[PDB]
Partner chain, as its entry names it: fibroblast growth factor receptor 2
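We begin with a single chain expressed as structure tokens, specifically the form deposited without the partner chain.
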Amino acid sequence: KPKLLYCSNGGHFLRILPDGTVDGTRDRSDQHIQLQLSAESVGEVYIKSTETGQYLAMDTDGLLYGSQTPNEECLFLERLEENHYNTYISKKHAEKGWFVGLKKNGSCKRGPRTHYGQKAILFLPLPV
């Protein structure tokens, strides 16, 4: 079942735009916020837009982008906090501590700017 990724930072929802742009919106009625998370191996997930089929990804520079096809850049390690919120570290750049994240202004954070413990990297999966 699809879900919404609620960032505790600015209260935005992870959003994947049709132009491949990733960001966040506070509007629960937006069309590109509905995500279908699927597991690959244990503790691993794919995060995809049901409205576009685009997969969430992070490039070699640490930028999140929308991938029309699933690949290594699309794998994230889902880690659950007791609070129910989750973190999504880049599987490919896990050694560098590159997480999926949103700034207070909805803008997406860059890998190198992310750090374990920031409010920017915490997402609460909500029903759609």
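Residue numbers count along the first chain shown, from 1.
Here the subject shifts to the form deposited with the partner chain bound, a form of this protein not shown in this document.
Participant: Heavy atom to heavy atom, is residue 51 within 4.5 Å of the partner chain in the bound PDB entry?
Facilitator: Flag for residue 51 set to no.
Participant: Give a yes or no for residue 83: in the bound PDB entry, does one of its heavy atoms lie within 4.5 Å of a heavy atom belonging to the partner chain?
Facilitator: Residue-level check for residue 83: yes, a contact with the partner chain.
Participant: So, in the bound PDB entry, is residue 93 in contact with the partner chain at a 4.5 angstroms heavy atom limit?
Facilitator: Contact with the partner chain, no.
Participant: Is there a non-hydrogen atom of residue 59 within 4.5 angstroms of a non-hydrogen atom of the partner chain in the bound PDB entry?
Facilitator: Heavy-atom contact with the partner chain at 4.5 Å: absent for residue 59.
Participant: Could you list the residues in 20 to 37 that come within 4.5 Å of the partner chain in the bound PDB entry, counting only heavy atoms and keeping sequence order?
Facilitator: Read in sequence order, the residues that approach the partner chain (within 4.5 Å, in the bound PDB entry) are 26, 28.
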